[PDB]
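Undergrad: The file below is protein28.txt, compact mmCIF, C-alpha atoms:
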# COMPACT_ATOMS: atom_id res chain seq x y z
CA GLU A 7 4.70 -12.42 24.86
CA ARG A 8 7.73 -14.32 23.51
CA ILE A 9 7.27 -16.28 20.26
CA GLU A 10 9.92 -18.28 18.35
CA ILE A 11 8.88 -18.68 14.68
CA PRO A 12 10.43 -18.35 11.16
CA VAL A 13 10.79 -15.20 9.04
CA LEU A 14 9.87 -14.69 5.38
CA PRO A 15 11.37 -11.52 3.89
CA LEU A 16 9.18 -9.36 1.67
CA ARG A 17 11.02 -7.56 -1.14
CA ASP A 18 8.87 -4.43 -1.29
CA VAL A 19 5.70 -4.96 0.76
CA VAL A 20 4.42 -4.43 4.27
CA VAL A 21 1.52 -6.60 5.37
CA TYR A 22 -0.69 -4.96 8.00
CA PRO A 23 -2.83 -6.74 10.54
CA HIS A 24 -6.20 -7.61 8.94
CA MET A 25 -4.76 -7.14 5.42
CA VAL A 26 -5.12 -9.93 2.83
CA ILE A 27 -2.56 -10.27 0.04
CA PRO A 28 -1.23 -12.83 -2.50
CA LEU A 29 2.52 -13.41 -2.13
CA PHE A 30 4.31 -15.00 -5.06
CA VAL A 31 7.28 -17.10 -3.99
CA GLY A 32 9.75 -18.81 -6.36
CA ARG A 33 12.88 -19.51 -4.31
CA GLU A 34 14.38 -22.91 -3.43
CA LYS A 35 14.95 -21.40 0.02
CA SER A 36 11.39 -20.22 0.89
CA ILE A 37 8.76 -22.79 -0.14
CA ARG A 38 10.36 -25.55 1.92
CA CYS A 39 9.83 -23.44 5.06
CA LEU A 40 6.44 -22.14 3.87
CA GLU A 41 5.43 -25.81 4.03
CA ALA A 42 7.06 -26.61 7.39
CA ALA A 43 5.23 -23.59 8.84
CA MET A 44 2.00 -24.56 7.01
CA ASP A 45 1.79 -27.68 9.23
CA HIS A 46 2.92 -25.70 12.29
CA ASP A 47 -0.23 -23.78 13.32
CA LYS A 48 -0.35 -21.96 9.91
CA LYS A 49 1.39 -18.78 11.25
CA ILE A 50 4.24 -16.86 9.52
CA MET A 51 6.43 -13.87 10.48
CA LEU A 52 6.56 -11.26 7.70
CA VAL A 53 9.47 -8.81 7.74
CA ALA A 54 10.29 -6.46 4.87
CA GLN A 55 13.88 -5.72 3.80
CA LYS A 56 15.37 -2.35 2.72
CA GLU A 57 17.75 -0.55 0.29
CA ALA A 58 19.03 -2.64 -2.62
CA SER A 59 16.09 -5.07 -2.86
CA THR A 60 18.78 -7.75 -3.02
CA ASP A 61 17.53 -11.26 -3.78
CA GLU A 62 19.88 -12.76 -1.18
CA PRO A 63 19.07 -10.89 2.05
CA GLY A 64 21.39 -11.33 5.04
CA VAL A 65 20.69 -10.92 8.75
CA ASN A 66 21.16 -7.13 9.03
CA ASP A 67 19.07 -6.54 5.88
CA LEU A 68 15.71 -6.84 7.67
CA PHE A 69 13.73 -4.28 9.62
CA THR A 70 13.33 -4.60 13.40
CA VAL A 71 9.54 -5.12 13.28
CA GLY A 72 7.25 -7.41 11.28
CA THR A 73 3.81 -8.99 11.10
CA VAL A 74 2.65 -12.42 12.21
CA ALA A 75 0.31 -13.58 9.44
CA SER A 76 -1.77 -16.72 8.89
CA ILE A 77 -1.86 -18.63 5.58
CA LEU A 78 -5.17 -18.70 3.68
CA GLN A 79 -3.89 -21.00 0.85
CA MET A 80 -1.00 -22.33 -1.25
CA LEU A 81 -1.13 -22.92 -5.01
CA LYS A 82 1.59 -24.23 -7.32
CA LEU A 83 1.52 -22.41 -10.66
CA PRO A 84 2.24 -23.27 -14.33
CA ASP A 85 5.75 -21.70 -13.99
CA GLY A 86 6.57 -23.49 -10.71
CA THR A 87 5.73 -20.54 -8.44
CA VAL A 88 3.50 -20.76 -5.34
CA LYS A 89 0.75 -18.15 -5.02
CA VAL A 90 0.28 -18.01 -1.25
CA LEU A 91 -2.61 -15.90 0.07
CA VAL A 92 -2.13 -14.44 3.56
CA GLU A 93 -3.85 -12.37 6.24
CA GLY A 94 -1.85 -10.29 8.73
CA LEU A 95 -2.57 -10.81 12.41
CA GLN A 96 -0.41 -8.64 14.74
CA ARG A 97 2.93 -6.81 14.73
CA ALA A 98 5.98 -8.09 16.66
CA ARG A 99 9.58 -6.97 17.26
CA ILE A 100 12.76 -8.93 16.43
CA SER A 101 14.86 -9.65 19.55
CA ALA A 102 17.36 -11.42 17.31
CA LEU A 103 16.92 -13.48 14.16
CA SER A 104 19.04 -16.36 12.84
CA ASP A 105 19.87 -17.68 9.37
CA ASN A 106 19.33 -21.37 10.17
CA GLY A 107 20.60 -22.81 6.89
CA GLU A 108 18.01 -21.42 4.46
CA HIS A 109 15.09 -19.94 6.40
CA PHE A 110 15.15 -17.54 9.35
CA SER A 111 14.52 -18.35 13.01
CA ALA A 112 13.51 -15.43 15.24
CA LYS A 113 12.19 -14.16 18.55
CA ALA A 114 10.02 -12.49 19.95
CA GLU A 115 7.25 -9.93 20.75
CA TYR A 116 3.65 -8.72 20.38
CA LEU A 117 1.79 -5.45 19.67
CA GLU A 118 -0.24 -4.13 22.63
CA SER A 119 0.00 -0.43 23.63
CA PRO A 120 -2.85 2.17 23.40
CA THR A 121 -3.15 5.78 24.69
CA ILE A 122 -5.04 7.96 27.23
CA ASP A 123 -7.76 10.53 26.28
CA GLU A 124 -10.38 8.78 24.17
CA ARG A 125 -12.14 12.10 23.50
CA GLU A 126 -9.23 13.32 21.35
CA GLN A 127 -9.07 9.92 19.69
CA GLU A 128 -12.83 10.03 18.98
CA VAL A 129 -12.37 13.31 17.07
CA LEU A 130 -9.14 12.15 15.45
CA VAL A 131 -10.92 8.99 14.19
CA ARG A 132 -13.83 11.03 12.75
CA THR A 133 -11.38 13.38 11.08
CA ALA A 134 -9.47 10.39 9.63
CA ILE A 135 -12.58 8.62 8.10
CA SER A 136 -13.63 12.00 6.68
CA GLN A 137 -10.23 12.68 5.13
CA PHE A 138 -10.16 9.16 3.59
CA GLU A 139 -13.65 9.74 2.20
CA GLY A 140 -12.41 12.82 0.30
CA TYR A 141 -9.21 10.94 -0.55
CA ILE A 142 -10.81 8.03 -2.51
CA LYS A 143 -12.63 10.72 -4.55
CA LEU A 144 -9.23 11.90 -5.81
CA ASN A 145 -7.63 8.43 -5.94
CA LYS A 146 -10.45 6.42 -7.61
CA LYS A 147 -8.35 3.22 -7.87
CA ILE A 148 -9.80 2.37 -4.46
CA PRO A 149 -13.28 0.74 -4.21
CA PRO A 150 -15.58 3.61 -3.09
CA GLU A 151 -17.32 1.05 -0.85
CA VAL A 152 -14.59 -0.38 1.41
CA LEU A 153 -14.58 3.17 2.75
CA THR A 154 -18.18 2.80 3.97
CA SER A 155 -17.90 -0.95 4.68
CA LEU A 156 -15.29 -0.20 7.34
CA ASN A 157 -16.84 3.19 8.15
CA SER A 158 -18.64 1.17 10.82
CA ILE A 159 -15.66 -0.73 12.32
CA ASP A 160 -14.77 0.55 15.80
CA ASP A 161 -11.06 -0.37 15.98
CA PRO A 162 -8.78 2.69 15.50
CA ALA A 163 -5.67 0.51 15.11
CA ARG A 164 -7.58 -1.36 12.39
CA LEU A 165 -8.78 1.90 10.87
CA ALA A 166 -5.19 3.09 10.50
CA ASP A 167 -3.97 -0.18 9.05
CA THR A 168 -6.85 -0.24 6.59
CA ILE A 169 -5.89 3.29 5.46
CA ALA A 170 -2.19 2.44 5.25
CA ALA A 171 -2.90 -0.71 3.20
CA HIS A 172 -5.03 1.15 0.66
CA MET A 173 -2.52 3.88 -0.03
CA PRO A 174 0.48 3.99 -2.33
CA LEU A 175 3.00 4.69 0.44
CA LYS A 176 6.70 4.36 -0.11
CA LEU A 177 8.26 1.44 1.85
CA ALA A 178 9.92 3.69 4.47
CA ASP A 179 6.52 5.14 5.39
CA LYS A 180 4.89 1.68 5.14
CA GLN A 181 7.30 0.36 7.81
CA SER A 182 7.31 3.43 9.98
CA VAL A 183 3.52 3.08 10.18
CA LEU A 184 4.05 -0.59 11.22
CA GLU A 185 6.74 0.49 13.73
CA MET A 186 4.51 3.14 15.38
CA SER A 187 2.82 1.67 18.44
CA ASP A 188 0.79 4.78 19.30
CA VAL A 189 -2.41 4.49 17.17
CA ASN A 190 -3.01 8.25 17.43
CA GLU A 191 0.43 8.97 16.00
CA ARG A 192 -0.03 6.73 13.07
CA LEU A 193 -3.45 8.17 12.35
CA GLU A 194 -1.93 11.62 12.32
CA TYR A 195 0.97 10.50 10.19
CA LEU A 196 -1.38 8.89 7.61
CA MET A 197 -3.52 12.02 7.66
CA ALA A 198 -0.31 13.88 6.78
CA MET A 199 0.33 11.37 3.96
CA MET A 200 -3.22 11.76 2.61
CA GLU A 201 -3.15 15.52 2.65
CA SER A 202 0.23 15.58 0.88
CA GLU A 203 -1.14 13.22 -1.81
CA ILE A 204 -4.40 15.11 -2.13
CA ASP A 205 -2.49 18.36 -2.80
CA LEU A 206 -0.31 16.63 -5.35
CA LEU A 207 -3.43 15.17 -7.09
CA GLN A 208 -4.92 18.65 -7.30
CA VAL A 209 -1.80 20.06 -8.90
CA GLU A 210 -1.71 17.23 -11.43
CA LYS A 211 -5.46 17.68 -12.24
CA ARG A 212 -5.07 21.42 -12.95
CA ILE A 213 -2.04 20.72 -15.13
CA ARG A 214 -3.89 17.93 -17.02
CA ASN A 215 -6.75 20.39 -17.63
CA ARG A 216 -4.56 23.23 -18.92
CA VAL A 217 -2.87 20.61 -21.13
CA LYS A 218 -6.17 19.18 -22.54
CA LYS A 219 -7.48 22.69 -23.35
CA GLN A 220 -4.27 23.41 -25.13
CA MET A 221 -4.37 20.19 -27.14
CA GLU A 222 -7.96 20.90 -28.16
CA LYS A 223 -7.34 24.56 -29.03
CA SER A 224 -4.27 23.62 -31.11
CA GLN A 225 -5.95 20.75 -32.95
CA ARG A 226 -8.93 22.93 -33.92
CA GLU A 227 -6.64 25.71 -35.15
CA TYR A 228 -4.96 23.17 -37.43
CA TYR A 229 -8.33 21.96 -38.73
CA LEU A 230 -9.68 25.47 -39.36
CA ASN A 231 -6.46 26.19 -41.22
CA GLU A 232 -6.53 23.08 -43.36
CA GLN A 233 -10.01 24.37 -44.14
CA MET A 234 -8.80 27.79 -45.21
CA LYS A 235 -6.25 26.19 -47.57
CA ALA A 236 -8.73 23.69 -49.10
CA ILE A 237 -11.11 26.59 -49.74
CA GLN A 238 -8.60 29.08 -51.18
CA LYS A 239 -7.53 26.21 -53.49
CA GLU A 240 -11.10 25.40 -54.68
CA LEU A 241 -11.61 29.15 -55.21
CA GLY A 242 -8.50 29.78 -57.31
CA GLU A 243 -9.56 26.82 -59.45
CA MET A 244 -12.63 28.67 -60.82
CA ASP A 245 -12.23 31.69 -63.12
Write the structure described by the file as structure tokens, please.
TA:
Amino acid sequence: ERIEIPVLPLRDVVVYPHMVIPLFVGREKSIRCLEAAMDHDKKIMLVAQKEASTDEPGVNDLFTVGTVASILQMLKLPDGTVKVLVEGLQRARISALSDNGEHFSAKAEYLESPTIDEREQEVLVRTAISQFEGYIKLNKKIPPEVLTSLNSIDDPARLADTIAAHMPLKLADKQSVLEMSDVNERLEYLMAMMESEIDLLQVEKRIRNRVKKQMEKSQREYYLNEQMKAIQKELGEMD
């Protein structure tokens, strides 16, 4: 499906379908289009830029693929900056964009491509939820309950986007997950990201524990030895 709407660049985020996020916008070149799209069926195209998070992005500075996202609110703030809450809807490819003065006009696509063998994908889904489950245990910044809340949800595409959204992926991976149309492939990629992380978090934990035991052993040695002094002193001062 061909769609002809405007593009808002995101400095360092990727907004996945069914992901809700506050964007903070303070440019003379954005808000005016964030309003003109507000009263135009409430739908925005969200494309992230790349290397040198340059405040004045050109036309080659955007990625090929983005997210169509609806606007949940707009809110002027004490410093003149609009907090705009959004929800991502579906991914779409750039045919060609256009810097029409300030904002960006663009065409035109839609995400819609699954895979064969739903037995493999059944397993692969189960493996993914189960890996995430063990992942939040090591992450712990993530609400232990949005795991189980969306443990139910059928949608594999949505499962993968929920996992992507809740992990501290680098941009490149963020976008490559957006760019992958095959839901199986992105589930296996994210399972590779989780595992990598998990390993890293196990290394760091072991290190932190060796380090704590050392601090505690050293501190106690110093205390015991300030004791020995203070006693030898009180003893000398006797006969």
Undergrad: To one decimal place, how far is CA of residue 112 in chain A from CA of residue 10 in chain A in Å?
TA: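 So the two atoms, CA of residue 112 in chain A and CA of residue 10 in chain A, lie 5.5 Å apart.
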Undergrad: Here is a test: counting only C-alpha atoms, which residue of A:141, A:110, A:195, A:22 is nearest to residue 75 in chain A?
TA: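 Of A:141, A:110, A:195, A:22, the one nearest residue 75 in chain A is A:22, counting only C-alpha atoms.
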Undergrad: What is the distance between CA of residue 199 in chain A and CA of residue 18 in chain A, in Å to one decimal?
TA: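 Those two atoms sit 18.7 Å apart.
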Undergrad: I want to know what sits within 10 Å of range 41-45 of chain A, based on only C-alpha atoms, with residues of the same chain fewer than 2 positions away left out; could you give that as a list in words?
TA: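 Near neighbours after the sequence-gap exclusion: residues 11, 12, 36, 37, 38, 39, 47, 48, 49, 50, 51, 76, 77, 78, 79 and 80 of chain A.
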Undergrad: List every protein, DNA or RNA residue with an atom no more than 10 Å from (-10.3, 11.8, 0.7) in the file's coordinates, counting all atoms listed in the file, and format the result as a VMD selection string.
TA: chain A and resid 134 to 146 153 197 200 to 201 203 to 204
Undergrad: Work out how far apart CA of residue 108 in chain A and CA of residue 26 in chain A are and give it in Å to one decimal.
TA: 25.9 Å
Undergrad: Padding of 4 Å on every side, edges along x, y and z, all listed atoms of range 38-56 of chain A included: what centre and edge lengths in Å, to one decimal, does that box have, as lines of an AutoDock Vina configuration file?
TA:
center_x = 7.5
center_y = -15.0
center_z = 7.6
size_x = 23.7
size_y = 33.3
size_z = 19.4
Undergrad: Which residue is closest to residue 118 in chain A? Choose from A:96, A:190, A:225, A:181 and count all atoms listed in the file.
TA: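 Of the candidates, the smallest distance to residue 118 in chain A is held by A:96.
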Undergrad: Which one of A:161, A:57, A:240, A:7 sits closest to residue 97 in chain A if you count only C-alpha atoms?
TA: A:7
Undergrad: Taking only C-alpha atoms into account, which of A:16, A:168, A:122, A:182 comes nearest residue 156 in chain A?
TA: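 Once distances to residue 156 in chain A are computed over only C-alpha atoms, the minimum belongs to A:168.
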Undergrad: I'd like to know which of A:177, A:81, A:90, A:40 is closest to residue 20 in chain A, using only C-alpha atoms.
TA: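 Closest to residue 20 in chain A, using only C-alpha atoms: A:177.
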Undergrad: May I ask which of the residues A:84, A:15, A:94, A:28 is the closest one to residue 59 in chain A, counting all atoms listed in the file?
TA: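 Of A:84, A:15, A:94, A:28, the one nearest residue 59 in chain A is A:15, counting all atoms listed in the file.
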Undergrad: With C-alpha atoms retained, output range 84-210 of chain A as a PDB file, in the first residue's frame.
TA:
ATOM      1  CA  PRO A  84       7.843  25.280  30.972  1.00  0.00           C
ATOM      2  CA  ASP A  85      10.952  25.543  28.707  1.00  0.00           C
ATOM      3  CA  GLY A  86       8.944  25.752  25.455  1.00  0.00           C
ATOM      4  CA  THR A  87       9.370  22.079  24.510  1.00  0.00           C
ATOM      5  CA  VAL A  88       6.498  19.787  23.440  1.00  0.00           C
ATOM      6  CA  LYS A  89       6.290  16.392  25.156  1.00  0.00           C
ATOM      7  CA  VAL A  90       4.497  14.314  22.518  1.00  0.00           C
ATOM      8  CA  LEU A  91       3.453  10.783  23.493  1.00  0.00           C
ATOM      9  CA  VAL A  92       3.237   8.278  20.623  1.00  0.00           C
ATOM     10  CA  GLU A  93       2.352   4.674  19.806  1.00  0.00           C
ATOM     11  CA  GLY A  94       3.936   2.863  16.850  1.00  0.00           C
ATOM     12  CA  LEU A  95       1.596   1.214  14.365  1.00  0.00           C
ATOM     13  CA  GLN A  96       3.405  -0.518  11.442  1.00  0.00           C
ATOM     14  CA  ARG A  97       6.721  -0.359   9.580  1.00  0.00           C
ATOM     15  CA  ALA A  98       7.043   1.109   6.062  1.00  0.00           C
ATOM     16  CA  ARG A  99       9.817   1.638   3.494  1.00  0.00           C
ATOM     17  CA  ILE A 100      10.937   4.971   1.979  1.00  0.00           C
ATOM     18  CA  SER A 101      10.509   5.030  -1.822  1.00  0.00           C
ATOM     19  CA  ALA A 102      11.901   8.560  -1.806  1.00  0.00           C
ATOM     20  CA  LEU A 103      11.614  11.382   0.707  1.00  0.00           C
ATOM     21  CA  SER A 104      11.671  15.148   0.134  1.00  0.00           C
ATOM     22  CA  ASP A 105      12.798  18.139   2.193  1.00  0.00           C
ATOM     23  CA  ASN A 106       9.740  20.315   1.510  1.00  0.00           C
ATOM     24  CA  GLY A 107      10.999  23.508   3.143  1.00  0.00           C
ATOM     25  CA  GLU A 108      11.255  22.400   6.779  1.00  0.00           C
ATOM     26  CA  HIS A 109       9.529  19.032   7.224  1.00  0.00           C
ATOM     27  CA  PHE A 110       9.873  15.874   5.131  1.00  0.00           C
ATOM     28  CA  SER A 111       7.421  14.498   2.575  1.00  0.00           C
ATOM     29  CA  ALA A 112       7.719  10.790   1.769  1.00  0.00           C
ATOM     30  CA  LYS A 113       6.308   7.686   0.125  1.00  0.00           C
ATOM     31  CA  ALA A 114       5.416   4.776   0.546  1.00  0.00           C
ATOM     32  CA  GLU A 115       4.955   1.194   1.901  1.00  0.00           C
ATOM     33  CA  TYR A 116       3.587  -1.206   4.535  1.00  0.00           C
ATOM     34  CA  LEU A 117       4.799  -4.210   6.575  1.00  0.00           C
ATOM     35  CA  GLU A 118       3.116  -7.511   5.654  1.00  0.00           C
ATOM     36  CA  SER A 119       5.232 -10.673   5.115  1.00  0.00           C
ATOM     37  CA  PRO A 120       5.190 -13.845   7.319  1.00  0.00           C
ATOM     38  CA  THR A 121       6.780 -17.313   6.871  1.00  0.00           C
ATOM     39  CA  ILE A 122       5.911 -21.010   6.288  1.00  0.00           C
ATOM     40  CA  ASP A 123       6.227 -23.770   8.975  1.00  0.00           C
ATOM     41  CA  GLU A 124       4.299 -22.665  12.051  1.00  0.00           C
ATOM     42  CA  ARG A 125       5.602 -25.670  14.008  1.00  0.00           C
ATOM     43  CA  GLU A 126       9.145 -24.270  14.022  1.00  0.00           C
ATOM     44  CA  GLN A 127       7.754 -20.849  14.862  1.00  0.00           C
ATOM     45  CA  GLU A 128       5.713 -22.327  17.749  1.00  0.00           C
ATOM     46  CA  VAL A 129       8.925 -23.715  19.292  1.00  0.00           C
ATOM     47  CA  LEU A 130      10.922 -20.600  18.453  1.00  0.00           C
ATOM     48  CA  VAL A 131       8.273 -18.441  20.197  1.00  0.00           C
ATOM     49  CA  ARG A 132       8.328 -20.646  23.324  1.00  0.00           C
ATOM     50  CA  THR A 133      12.114 -20.531  23.367  1.00  0.00           C
ATOM     51  CA  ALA A 134      12.010 -16.714  23.012  1.00  0.00           C
ATOM     52  CA  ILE A 135       9.524 -16.092  25.934  1.00  0.00           C
ATOM     53  CA  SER A 136      11.623 -18.475  28.040  1.00  0.00           C
ATOM     54  CA  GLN A 137      14.883 -16.715  27.231  1.00  0.00           C
ATOM     55  CA  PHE A 138      13.311 -13.298  28.019  1.00  0.00           C
ATOM     56  CA  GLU A 139      12.028 -14.695  31.320  1.00  0.00           C
ATOM     57  CA  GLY A 140      15.600 -15.574  32.364  1.00  0.00           C
ATOM     58  CA  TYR A 141      16.793 -12.287  30.858  1.00  0.00           C
ATOM     59  CA  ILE A 142      14.718  -9.904  33.066  1.00  0.00           C
ATOM     60  CA  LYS A 143      16.136 -11.831  36.066  1.00  0.00           C
ATOM     61  CA  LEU A 144      19.603 -10.584  35.079  1.00  0.00           C
ATOM     62  CA  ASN A 145      18.441  -7.160  33.827  1.00  0.00           C
ATOM     63  CA  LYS A 146      16.048  -6.156  36.656  1.00  0.00           C
ATOM     64  CA  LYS A 147      15.433  -2.648  35.233  1.00  0.00           C
ATOM     65  CA  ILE A 148      12.529  -4.252  33.373  1.00  0.00           C
ATOM     66  CA  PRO A 149       9.150  -4.732  35.150  1.00  0.00           C
ATOM     67  CA  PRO A 150       9.052  -8.481  35.997  1.00  0.00           C
ATOM     68  CA  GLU A 151       5.355  -8.382  35.056  1.00  0.00           C
ATOM     69  CA  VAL A 152       5.233  -7.092  31.458  1.00  0.00           C
ATOM     70  CA  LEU A 153       6.966 -10.398  30.777  1.00  0.00           C
ATOM     71  CA  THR A 154       3.920 -12.342  31.998  1.00  0.00           C
ATOM     72  CA  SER A 155       1.382  -9.696  30.878  1.00  0.00           C
ATOM     73  CA  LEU A 156       2.421 -10.307  27.279  1.00  0.00           C
ATOM     74  CA  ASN A 157       3.276 -13.962  27.953  1.00  0.00           C
ATOM     75  CA  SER A 158      -0.301 -14.496  26.763  1.00  0.00           C
ATOM     76  CA  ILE A 159      -0.241 -12.383  23.562  1.00  0.00           C
ATOM     77  CA  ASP A 160      -0.303 -14.561  20.429  1.00  0.00           C
ATOM     78  CA  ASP A 161       1.398 -12.242  17.911  1.00  0.00           C
ATOM     79  CA  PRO A 162       5.034 -13.293  17.199  1.00  0.00           C
ATOM     80  CA  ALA A 163       5.782 -10.035  15.359  1.00  0.00           C
ATOM     81  CA  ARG A 164       4.495  -8.228  18.457  1.00  0.00           C
ATOM     82  CA  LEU A 165       6.462 -10.544  20.729  1.00  0.00           C
ATOM     83  CA  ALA A 166       9.684  -9.629  18.925  1.00  0.00           C
ATOM     84  CA  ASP A 167       8.959  -5.911  18.966  1.00  0.00           C
ATOM     85  CA  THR A 168       8.107  -6.048  22.653  1.00  0.00           C
ATOM     86  CA  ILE A 169      11.466  -7.760  23.313  1.00  0.00           C
ATOM     87  CA  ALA A 170      13.380  -5.323  21.111  1.00  0.00           C
ATOM     88  CA  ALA A 171      11.754  -2.311  22.816  1.00  0.00           C
ATOM     89  CA  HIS A 172      12.654  -3.516  26.311  1.00  0.00           C
ATOM     90  CA  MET A 173      16.309  -4.110  25.588  1.00  0.00           C
ATOM     91  CA  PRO A 174      19.260  -1.751  25.541  1.00  0.00           C
ATOM     92  CA  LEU A 175      20.162  -2.409  21.907  1.00  0.00           C
ATOM     93  CA  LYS A 176      22.550  -0.199  20.016  1.00  0.00           C
ATOM     94  CA  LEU A 177      20.841   1.811  17.221  1.00  0.00           C
ATOM     95  CA  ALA A 178      22.264  -0.343  14.384  1.00  0.00           C
ATOM     96  CA  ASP A 179      20.633  -3.432  15.913  1.00  0.00           C
ATOM     97  CA  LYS A 180      17.461  -1.438  16.754  1.00  0.00           C
ATOM     98  CA  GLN A 181      17.037  -0.573  13.047  1.00  0.00           C
ATOM     99  CA  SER A 182      18.113  -3.898  11.668  1.00  0.00           C
ATOM    100  CA  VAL A 183      15.384  -5.469  13.808  1.00  0.00           C
ATOM    101  CA  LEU A 184      12.918  -2.924  12.284  1.00  0.00           C
ATOM    102  CA  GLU A 185      14.287  -3.675   8.783  1.00  0.00           C
ATOM    103  CA  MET A 186      13.874  -7.475   9.147  1.00  0.00           C
ATOM    104  CA  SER A 187      10.567  -8.550   7.645  1.00  0.00           C
ATOM    105  CA  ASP A 188      10.910 -12.250   8.553  1.00  0.00           C
ATOM    106  CA  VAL A 189       9.568 -12.509  12.154  1.00  0.00           C
ATOM    107  CA  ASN A 190      11.501 -15.747  12.719  1.00  0.00           C
ATOM    108  CA  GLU A 191      14.760 -14.055  11.787  1.00  0.00           C
ATOM    109  CA  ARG A 192      14.252 -11.203  14.126  1.00  0.00           C
ATOM    110  CA  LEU A 193      13.293 -13.529  16.939  1.00  0.00           C
ATOM    111  CA  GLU A 194      16.503 -15.438  16.393  1.00  0.00           C
ATOM    112  CA  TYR A 195      18.523 -12.265  16.150  1.00  0.00           C
ATOM    113  CA  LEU A 196      17.064 -10.926  19.444  1.00  0.00           C
ATOM    114  CA  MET A 197      17.692 -14.300  21.055  1.00  0.00           C
ATOM    115  CA  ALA A 198      21.316 -13.833  19.960  1.00  0.00           C
ATOM    116  CA  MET A 199      21.287 -10.318  21.501  1.00  0.00           C
ATOM    117  CA  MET A 200      19.837 -11.626  24.783  1.00  0.00           C
ATOM    118  CA  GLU A 201      22.280 -14.457  25.106  1.00  0.00           C
ATOM    119  CA  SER A 202      25.228 -12.132  24.405  1.00  0.00           C
ATOM    120  CA  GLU A 203      23.956  -9.724  27.099  1.00  0.00           C
ATOM    121  CA  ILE A 204      23.220 -12.497  29.562  1.00  0.00           C
ATOM    122  CA  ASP A 205      26.817 -13.774  29.251  1.00  0.00           C
ATOM    123  CA  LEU A 206      28.167 -10.275  29.713  1.00  0.00           C
ATOM    124  CA  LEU A 207      25.955  -9.801  32.839  1.00  0.00           C
ATOM    125  CA  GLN A 208      27.337 -13.025  34.281  1.00  0.00           C
ATOM    126  CA  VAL A 209      30.904 -11.917  33.762  1.00  0.00           C
ATOM    127  CA  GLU A 210      30.197  -8.559  35.383  1.00  0.00           C
TER     128      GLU A 210
END
